[PDB]
């Protein structure tokens, strides 16, 4: 099967591309604009395969995207291209509106026109898989707000949308466009929403990769507020396996939440990383001494937790890693990949760091 993938040069996208080339018989055409987050070095292991092709383009460029669909004649689409950092969306929302909302719209239109003109056979098998986030569901009650006995709620596929930030509002909107295109034109679409991902090739602006690298460089480990906020952690390779399973066996018009059932508090995750480094790369003092409490993120969601029961009983997917096994692999990966880290950290990166952390709030 020929799969057209948007955002394949990013964190989760590159994991999807590497998995398809190494473990399946499918082919791939990767469309990526290569923003600060797009890095071809993340696809080094497979860039030479004859079953892989790369196209440097913007999903907002209709004419070029149309040309690409006609040339490769994809059997399915996996849309991962997007602006993904909440902190960047707070100070610079325009890019999120343009890429996440208008960009999805532009891609849906090219796909609709393409799909409508396909032969009976290929037309019935076509699939448009939209990769999304759990953040569209809003915030959940926190352990310190309820009775130490009551069972805390989780995010399910029928939970109401209530996005808190420009980023999550962006994604929630893209989700609506995908489902409306299905109801109005008949486009066979699928939507997935998953929890926080972590692991190899993660850009150094998200919690885990930022903390690991700052620790090794002797810099502060910035905790927003008290660090009691909770997140559900899923190893990126597990997400990749689930995604290929969905685009291949998923049912048109369905939604699947993806996660690993691993609620953890931020501060706890930072301590775990510090203990791992104290063990592997010991020094005069403990890495914990670099931990610093800074001004909280505006509108910060205090707790995310996914209920992946549905995809489990319907597609039979289960994560292979545990947070414990995955977090150690992540730390080891960064220690062994300084070359990749140095190539991703540019002058632009340092500008973002100064903007978001120095003289913070």
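Residue numbers count along the first chain shown, from 1.
- Look at the C-alpha B-factors of 91-99 and of 260-268. On average they run higher in 260-268.
- Here the stretch with the larger average CA B-factor, out of 124-132 and 218-226, is 124-132.
- Remark: of 204, 163, 199, 153, 153 shows the highest value [criterion: C-alpha B-factor in the PDB entry].
- The PDB entry assigns the greatest CA B-factor among 149, 104, 170, 192 to 149.
- In the deposited entry, the Cα temperature factor of residue 349 sits in the top third of values across the chain's modelled residues.
- In this PDB entry, the Cα temperature factor of residue 326 sits in the middle third of its chain's modelled residues.
- Compared with the other modelled residues of the chain, the Cα B-factor recorded for residue 255 ranks in the middle third.
- Looking at the C-alpha B-factors along this chain, the one for residue 83 belongs to the lowest third.
- Among the modelled residues of its chain, residue 20 has a C-alpha B-factor that falls in the highest third, as given in the PDB entry.
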